[PDB]
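The chain below stands alone and is given as structure tokens, in the form deposited in one PDB entry.
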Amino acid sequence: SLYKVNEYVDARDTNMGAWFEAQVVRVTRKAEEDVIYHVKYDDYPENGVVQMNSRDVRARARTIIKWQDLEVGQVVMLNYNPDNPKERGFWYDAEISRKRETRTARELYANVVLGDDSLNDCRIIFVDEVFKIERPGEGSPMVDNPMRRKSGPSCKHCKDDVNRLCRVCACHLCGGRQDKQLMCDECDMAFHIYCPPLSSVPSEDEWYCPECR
């Protein structure tokens, strides 16, 4: 096939349109590149091995396109958070639509492609993190463990210090990033399972931490 076992790739989630860093575990066919890629996601072990349609797997992004090399009409992979456009989000494919540089800002606008429809004229915040989309056949396969893209969003208060105290992005009681963490639905603040007891993630669609009742 195009992509071999153990090869590092990006796999697209067909619901949200985002591409995720993943790795090829097994390759099977159905009946020509209409094959099935069995990928495990780098930082989502809980999802185990997912099956991907070949149209949704490409070689792992590696090459950054500098602001000065960005041309309008160019189709790239960049970071956007459609629910919070001022924050970091996930990795989507976009056609660059407009650039404006003034004394104070470099302004990148592009049409972000989501799950089904597109999202015209988005103001891209992360201008120094635009990836070239690897083309099939061209370019080498990624076989050595690569550096990680940053995906969001970011705790403004702990600055994602993946080694620090945080009564926000982590347990509102402690903060320990210590699969089965559960979250308020009024405050949106996260809680553990322990911090009275528990057993096996409730039926109920909603569920609560004391300060919002």
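Numbering starts at 1 and runs along the sequence shown. Only the largest set of C-alpha atoms that superpose within 1.5 Å between the two forms is called the rigid core.
Quick note: we don't show the form deposited in another entry, though the next part is all about it.
- Only one of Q68, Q51, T63, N163 has its Cα shifted by 2 Å or more between the shown form and the other one after fitting on the core, and that residue is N163.
- Fitting the two forms on the rigid core leaves the C-alpha of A18 displaced by under 2 angstroms between the shown form and the other one.
- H172 is among the residues whose C-alpha shifts by 2 Å or more between the shown form and the other one once the rigid core is aligned.
- One change in the other entry concerns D160 and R62, whose Cα atoms lie at least 3 Å closer than in this form.
- Pairwise change in the other entry: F126 and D160 C-alpha atoms lie closer than in the shown form, at least 3 Å.
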